[PDB]
Amino acid sequence: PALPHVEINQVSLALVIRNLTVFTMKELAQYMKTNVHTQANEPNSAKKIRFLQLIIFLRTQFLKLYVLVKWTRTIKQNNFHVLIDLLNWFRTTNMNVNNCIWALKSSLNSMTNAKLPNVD
Amino acid sequence: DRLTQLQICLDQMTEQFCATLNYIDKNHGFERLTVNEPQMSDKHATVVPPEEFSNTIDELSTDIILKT
Amino acid sequence: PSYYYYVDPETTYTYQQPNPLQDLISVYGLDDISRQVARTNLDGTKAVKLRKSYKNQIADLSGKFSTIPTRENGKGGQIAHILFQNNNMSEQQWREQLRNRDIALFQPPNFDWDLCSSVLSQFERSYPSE
Amino acid sequence: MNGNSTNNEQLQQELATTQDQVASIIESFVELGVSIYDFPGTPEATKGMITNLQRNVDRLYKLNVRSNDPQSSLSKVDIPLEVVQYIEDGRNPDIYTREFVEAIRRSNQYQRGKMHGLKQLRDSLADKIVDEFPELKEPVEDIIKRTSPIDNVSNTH
């Protein structure tokens, strides 16, 4: 059966791999260019603790990428868009009955002016 | 005055249609298509006993028939 | 017979497509998801309760991992929006400059490894740990 | 369906080898982390760290150019934002799958409850209409027959 497909707020995993690579390596290049020069305000101990903090940050982000691709292994038929379209269809169908009720209420409200009162 | 009561009765009887649809949409429950599938509910849905649910459906229908 | 208004015998109504009376899980074949993350096995017994965090999917690494990298520990950052940003020749040709359209961030002047070696050579001994 | 079966086979193969590549990246991370923590300052250690950065960059090279590879389902597989923010929150994404498919079953059962309550209203009101007005037997039977048509998507469960 056909379902209304929605492509909003969804991304491709090729795009998440590419975006994660450009983010981590733009951050690496930025750290290089920031830490070219050594001064009294930024000693090499500060440089090494910043490098350690950066690699723990990259550790965490690539661990979450690892969990993400582990989660993509859970789906076998790759029917997650079928899942999403099914639940949006479910929202439409759960809203149709209340829409019919509100249509009957609008028909009720249409009747307020349409009478003819008792004669005076 | 008699046509006035007639117009009042039509408006109230269409409002009875609206109220019957309101109750049957908001105060229904969950049922088993099969016995194997799990059954669950939340705090946001008005779960009611099915026997008095059917009783209220029957008395709403009797109110509609009596207004007719 | 007596005719009544807008009660037309030739007018017919069909069921919804799909029908919510059926199990749409079984209709679109989501039975594998349903039986793979069902809270109970479909023979009357309770299944194993899966853990709240991702210990099971990070336990297959040999590393320094003893806690959970979360939002609130200060070790992670919000990379979701940067994660979400977006941008003759035959199909094959078009596809190798599609593969080569991003390699420009890999070589100098973006990632000069001589400068990387110079900054990494300034590292002294030990790390202050509490 | 043969094309879907075989391309899902390369989905599974591609995800498994990316498991391998990301795990290798994390292993390179643990070794330069212990290099930072116990750095002896020797030039041999510095060159080992430089080669560690080399292998990290070439693993990222391989997986990025394979994210741009046409012979890939990397683009055809779809990712939404709720699972990625849910993993960023530190919570297990199979709970996200569980909650979402349980929401599927909730909406199915809730709409089915709507349908059966409406059917109870329909046949109770129809019976009471027949009982009150004996001249409405044929239109009510026609209405019930038309609003209960031949079953093509209800006989199957």
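For the structure given in this document, a descriptive report is provided here.

### Quick word on the overall build of chain B
So, point 1. For chain B, the helix and strand inventory stands at two helices and zero strands.
So, point 2. Against the 2.2 N^0.38 benchmark of 11 Å for 68 residues, chain B shows a C-alpha radius of gyration of 17 Å, more extended than a compact globule.
So, point 3. Taken over the C-alpha atoms alone, chain B extends approximately 60 × 20 × 15 Å along its principal axes.
So, point 4. A total of 68 residues make up chain B; the buried ones form 28% of that total.
So, point 5. Residue pairs at least 24 apart in sequence account for 57% of intrachain contacts in chain B once pairs closer than 6 positions are excluded.
So, point 6. On chain B, roughly 4300 Å² of surface is accessible, and the fraction owed to carbon and sulfur atoms is 60%.
So, point 7. Positive and negative charge centroids in chain B, built from 5 and 12 side chains respectively, lie 4 Å apart.

### Concerning the overall build of chain D
So, point 1. Regarding its fold elements, chain D presents five helices and one strand.
So, point 2. For chain D, the sequential pattern of α-helices and β-strands runs α-α-β-α-α-α.
So, point 3. Its C-alpha radius of gyration of 31 Å places chain D more than 25% over the 15 Å reference for a compact globule of 157 residues.
So, point 4. By its C-alpha atoms, chain D is 105 × 35 × 20 Å across when sized along the principal axes.
So, point 5. Taking all 157 residues of chain D together, 46% fall into the buried category.
So, point 6. Of all intrachain contacts in chain D linking residues separated by at least 6 positions in sequence, the fraction that spans at least 24 positions is 49%.
So, point 7. Taken as two groups, the 18 positive and 25 negative side-chain charges of chain D have centres that lie 2 Å from each other.

### Thoughts on the interface of chain D and chain C
So, point 1. Contacts between chain D and chain C engage 56 residues on the former and 59 residues on the latter.
So, point 2. Buried area between chain D and chain C, summed over both chains or domains, comes out near 5100 Å², and the portion from carbon and sulfur atoms is 60%.
So, point 3. Per-residue buried area on chain D facing chain C is highest for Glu88, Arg98 and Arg146 of chain D; these three make up 14% of the total on that side.
So, point 4. Residue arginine 105 of chain D is joined to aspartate 23 of chain C by a salt bridge in which the shortest nitrogen-to-oxygen separation is 3.5 Å.
So, point 5. There are 18 residue pairs in polar contact connecting chain D and chain C.
So, point 6. Among the secondary structure elements, those contributing two or more residues to the side of chain D that touches chain C are α1 (2-37), α2 (43-67), α3 (81-88), α4 (93-132) and α5 (137-146) of chain D.
So, point 7. Counting residues per element, the side of chain D that touches chain C draws most heavily on α4 of chain D, at 13 residues.
So, point 8. Looking at side-chain class alone, the side of chain D that touches chain C contains 26 nonpolar, 14 polar and 16 charged residues.

### Description of the interface of chain D and chain B
So, point 1. On the chain B side, the residues contacting the 19 residues of chain D number 24 residues.
So, point 2. Together, the buried faces of chain D and chain B total about 2100 Å²; carbon and sulfur atoms form 64% of this surface.
So, point 3. At the junction of chain D with chain B, the criterion picks out four salt bridges.
So, point 4. Where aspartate 25 of chain B meets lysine 114 of chain D, a salt bridge forms, and the shortest distance between an N and an O atom there is 2.4 Å.
So, point 5. At the junction of chain D and chain B, the tally comes to nine residue pairs in polar contact.
So, point 6. Class assignment for the residues of the side of chain D that touches chain B results in six nonpolar, seven polar and six charged.

### Digging into the packing of helix α1 (residues 2-26) of chain B against helix α2 (residues 50-67) of chain B
Residue and element names in this part refer to chain B.
So, point 1. It is the contact of α1 with α2, at a shortest axis distance of 10 Å, that shows an interaxial angle of 165°. On the basis of the axis angle, α1 is roughly antiparallel to α2. The way α1 lies across α2 gives a crossing that is left-handed. Across from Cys9, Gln12, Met13, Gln16, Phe17, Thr20, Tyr23 and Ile24 in α1, the residues of α2 making contact are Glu52, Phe53, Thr56, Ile57, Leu60, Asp63, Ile64 and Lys67.

### Some remarks on the nonpolar core
So, point 1. If you look at the biggest cluster of nonpolar residues, it comprises 81 residues, and the most contacted ones within it are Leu13, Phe51, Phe62 and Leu86 of chain A, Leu120 of chain C together with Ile79 of chain D.
So, point 2. Sorting elements by how many residues they give to this core places helix α2 (residues 44-74) of chain A first, with 13 residues.
So, point 3. Contacts of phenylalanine 51 of chain A, omitting those with residues within four sequence positions, involve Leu28 and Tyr31 of chain A, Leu120 and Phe123 of chain C together with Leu32, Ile36 and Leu53 of chain D.
So, point 4. Within the second largest apolar cluster, six residues are counted, among which are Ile101 of chain A together with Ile24, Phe53 and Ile57 of chain B.

### Description of the pattern of salt bridges
So, point 1. By the definition in use, this model includes 15 salt bridges over all chains.
So, point 2. Between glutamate 42 of chain A and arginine 50 of chain A there is a salt bridge, with its nearest N and O atoms 3.0 Å apart.
So, point 3. The class of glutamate 42 of chain A is partly exposed, set by a relative accessible area of 26%.
So, point 4. By relative accessible area, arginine 50 of chain A is classed as partly exposed at 26%.
So, point 5. We note a salt bridge from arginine 99 of chain C to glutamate 96 of chain C, for which the minimum N-O separation is 3.8 Å. Of this pair, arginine 99 of chain C and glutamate 96 of chain C both sit in helix α5 (residues 91-99), three residues apart, which is roughly one turn of the helix.
So, point 6. What makes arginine 99 of chain C partly exposed here is its relative accessible area of 22%.
So, point 7. Taken together, the shared-partner salt bridges in this structure form one network comprising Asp25 and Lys26 of chain B together with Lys114 of chain D.

### Brief notes about a nonpolar patch on the surface
So, point 1. On the surface, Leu3, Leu6 and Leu10 of chain B cluster together into a nonpolar patch covering about 300 Å² of accessible area.
So, point 2. Along the chain, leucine 10 of chain B falls in helix α1.

### Structural notes on helix α3 (residues 80-109) of chain A
So, point 1. With 30 residues, α3 of chain A extends 43 Å from end C-alpha to end C-alpha; this agrees with the ideal 44 Å at 1.5 Å per step.
So, point 2. Remark: the principal bend of α3 of chain A, roughly 30°, maps to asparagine 96 of chain A.

### Focus on the packing of aromatic side chains
So, point 1. Counting across every chain of the model gives 14 aromatic pairs over all chains.
So, point 2. Arranged with centres 6.2 Å apart and planes meeting at 55°, the rings of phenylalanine 23 of chain A and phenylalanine 57 of chain A form a pair that is tilted. With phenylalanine 23 of chain A in helix α1 (residues 13-34) and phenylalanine 57 of chain A in helix α2, this pair connects stretches of sequence that are 34 residues apart.
So, point 3. Look at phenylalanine 62 of chain A and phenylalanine 29 of chain D: their rings are 6.0 Å apart centre to centre, the planes differ by 55°, and that puts the pair in the tilted class. Of this pair, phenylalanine 62 of chain A sits in helix α2 while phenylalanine 29 of chain D sits in helix α1, placing the two residues on different chains.
So, point 4. In this structure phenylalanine 62 of chain A comes out as buried when scored by relative accessible area, which is 1%.
So, point 5. One aromatic cluster is present, built from ring pairs that chain together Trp71 and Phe80 of chain A together with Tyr86, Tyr96 and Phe100 of chain D.

How each quantity is defined
Residues numbered from 1 in each chain as written, not as in the entry; some residues may be left out. Chains lettered and ligands numbered in written order. Part of a larger assembly, values for the part shown. Heavy atoms only, no water. Helix = DSSP H or I, 4+ residues; strand = E, 2+ residues; numbered from the N terminus. Rg over C-alpha atoms; globule rule 2.2 N^0.38 Å. Buried < 20%, exposed > 50% of the residue type's maximum accessible area, 1.4 Å probe, protein only. Contact = heavy atoms within 4.5 Å. Areas by Shrake-Rupley, 256 points an atom, 1.4 Å probe, with all protein chains shown as cover. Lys, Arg positive; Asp, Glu negative; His and termini not counted. Charge placed at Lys NZ, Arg CZ, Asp CG, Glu CD. Buried area = accessible area lost by both parts, 1.4 Å probe. Salt bridge = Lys/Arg side-chain N within 4 Å of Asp/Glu carboxyl O. Polar contact = N/O pair within 3.5 Å; in protein donor to acceptor, adjacent residues only side chain to side chain. Nonpolar A, V, L, I, M, F, W, Y, C, P; charged D, E, K, R; others polar. Axes fitted to C-alpha atoms, helices over the stretch in contact; angles between N-to-C directions. Parallel < 35°, antiparallel > 145°, perpendicular 65-115°, else oblique. Left-handed = near helix turned anticlockwise from the far one by under 90°. Core = buried A, V, L, I, M, F, W, Y, C linked by side-chain atoms within 4.5 Å. Patch = residues over 30% accessible without salt bridge, like charges linked within 9 Å, V, L, I, M, F, W, Y side chains within 5 Å. Expected span 1.5 Å × (residues − 1). Bend = angle between axes of the 7 residues up to and from the residue. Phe/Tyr/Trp six-rings, centres within 6.5 Å; stacked < 30°, edge-to-face > 60°.

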